[PDB]
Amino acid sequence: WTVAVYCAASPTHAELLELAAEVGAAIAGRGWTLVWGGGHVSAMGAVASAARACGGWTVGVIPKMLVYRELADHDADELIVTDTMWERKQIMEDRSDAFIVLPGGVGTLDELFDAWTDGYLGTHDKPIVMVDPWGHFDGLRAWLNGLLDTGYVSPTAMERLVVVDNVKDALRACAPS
């Protein structure tokens, strides 16, 4: 059983690093495989470092452009280097049984909306779980609720994304049948 974790690439906020490490540790704890974007910086470094420390298998999928920038975790158990971002996202989706979205920026939002669009349209039934203990995404979810009200997003679309505020509820939402 494999969970992809989409999360921040830049900041070092203690609460962010702790949350990401808590998820990596809990995935490894269940004996699940971690898929992530293969970076050593910020939340990406935290989730894979914590999974490996708890004996978890880690699969990093990263485009060569970020390898050339020395942003890759060469301690990944498997490092899949892709020529393009579209191949990175395709391999992460294909390898994973479920998706966790932690606080992040444009790169995290790209991964979130890529998975959500495919899940909503019915390409796959894999859980997509947003984990937001402190309201990082409150402004985004409020704005999307506006789109629900003006007919741009359907209730069915809004249902497809599970939002939890703690790691325990996250792993229960991602767990196998």
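Numbers for residues come from their place in the sequence shown, where the first is 1.
Novice: Comparing average C-alpha B factors as deposited, tell me which of 35-43 and 53-61 sits higher.
Specialist: According to the PDB entry, the answer is 53-61.
Novice: Quick check on the record: does 107-115 or 120-128 carry the larger mean Cα temperature factor?
Specialist: For C-alpha atoms only, the mean B-factor is higher in 120-128.
Novice: Highest Cα temperature factor in the entry, among the options 9, 20, 14, 163: which one is it?
Specialist: Of the candidates given, the C-alpha B-factor peaks at 163.
Novice: Split into thirds by Cα B-factor across the chain's modelled residues, where does residue 74 land: lowest, middle or highest?
Specialist: Answer is highest: the recorded C-alpha B-factor places it there.
Novice: Please rank the C-alpha B-factors of the chain's modelled residues and tell me whether residue 26 sits in the lowest, middle or highest third.
Specialist: It falls in the middle third of the chain.
Novice: Based on the entry's values, in what third of the chain does the Cα temperature factor of residue 148 lie: lowest, middle or highest?
Specialist: Top third by C-alpha B-factor.
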